[PDB]
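What follows is a set of notes on a single structure, which appears directly below.
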Amino acid sequence: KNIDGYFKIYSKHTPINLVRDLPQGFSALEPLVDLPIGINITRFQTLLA
Amino acid sequence: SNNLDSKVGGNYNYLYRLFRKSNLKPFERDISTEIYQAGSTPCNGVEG
Ligand SMILES: *[C@@H]1O[C@H](CO)[C@@H](O)[C@H](O)[C@H]1NC(C)=O
C-alpha cells in the first residue's frame, strides 16, 4: 500500500501443506522494509522463473 | 536569490505549471506537458 507516497511492505512467510485453493488459518503479517519513494503506482506485474 | 537566480532579463531554467485541469493533491510532481483545454474545442498541441 502507500500513504502520501510511503510504500508499506509487510512480509510474512510460514510453512503450509496445501493441495489447491487456500488454507484456512489465521496469520498476522510483519513489516519487512520501507521504501519512501513517493511515486504513483497505477499498475503492477508479477515476475516468474 | 535575486543576486543569483536573476540573469539579464530572465532565467528560463526555473519553470512552473500555470494551468491544470483540476487541483492536484499535495506532495505530487506533474511533468505532463499537455496543453490545457478549458473548452470543448480540441487544442491539438497549439494555443487558441
Ligand atoms: C495516481 O494516479 C491515479 C490515476 O490517475 C489517480 O487517480 C491518483 O489520485 C494518483 N495518486 C497519487 C498518489 O498521485
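Structural remarks
Residues checked against (1) within 16 Å of the ligand (Cβ to nearest atom); (2) of a type in the set (A, V, I, L, M, F, W, C):
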position: A:7; (1), (2): yes, yes
position: A:12; (1), (2): no, no
position: A:19; (1), (2): no, yes
position: A:23; (1), (2): no, no
position: A:30; (1), (2): no, no
position: A:33; (1), (2): no, yes
position: A:36; (1), (2): yes, no
position: A:43; (1), (2): yes, no
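- Identity of the residue in region A:1-33, charged (D, E, K, R) and surrounded by 10 or more Cβ atoms within 10 Å (Cβ to Cβ), that ends up farthest from residue B:26 (Cα to Cα): A:12
- Conditions (1) on the phi < 0 side of the Ramachandran plot; (2) outside any strand (DSSP E or B); (3) touching a residue at least 12 places away in the same chain (Cβ under 8 Å): number failed by residue A:38: (1)
- Some residue of region B:15-23 being part of a loop (DSSP other than H, G, I, E, B) and either within 14 Å of chain A (Cβ to nearest Cβ) or more than 26 Å from residue A:4 (Cα to Cα) (or both): no
All of the numbers you see were taken from the coordinates with simple rules; none came from a lab. Because the Cβ atoms are built from the backbone with ideal geometry, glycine has one as well, and the counts that use them run over all protein chains shown.
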